[PDB]
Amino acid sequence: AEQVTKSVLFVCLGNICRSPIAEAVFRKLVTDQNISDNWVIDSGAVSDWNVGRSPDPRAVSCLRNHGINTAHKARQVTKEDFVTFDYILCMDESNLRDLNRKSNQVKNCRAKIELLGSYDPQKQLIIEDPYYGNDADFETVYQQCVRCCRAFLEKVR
């Protein structure tokens, strides 16, 4: 049982609603495929406003509904993220513009930065911020993340 070590960082604005859902979904996939040992996974925020906070309780109870757990604490994306992760997957175009901007301040940027939605077989590019929404909104984010994360994995696996 041997291979190489790959890494992915999921990113949203606050790292409280979207990215912790994507991250947790992704860990479950990889675990279910017996390849966890070959992956480093994390989630982070463009913004420093929520650092140290637990995920929104609605995200927590949505994942629980699907049998998944998280212990994540919000953290900000940093300069090193760009040189240590293979892939940076974000939720929306704002996040995307933001990361590209920051990566420029990075000389040896080695991460590929892309929208997670770009992997959606259904083509819903954007994973909308559900903060002001209700439980069904969270559920749709979960659904999108599942699709996108399985597709991403199949191609980089």
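Residue numbers here begin at 1 and follow the sequence given.
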- prompt: Going by the B-factors listed in the PDB entry, is the mean over the C-alpha atoms higher for 39 to 47 or for 109 to 117?
  reply: 109 to 117
query: Going by the B-factors listed in the PDB entry, is the mean over the C-alpha atoms higher for 88 to 96 or for 65 to 73?
result: 65 to 73
message: Is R53 in the lowest, middle or highest third of its chain when residues are ranked by C-alpha B-factor?
response: lowest
- request: Report the third (lowest, middle or highest) to which the CA temperature factor of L13 belongs, ranking only the modelled residues of the same chain.
  value: middle
task: Could you tell me which third, lowest, middle or highest, the C-alpha B-factor of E23 occupies within its chain?
output: lowest
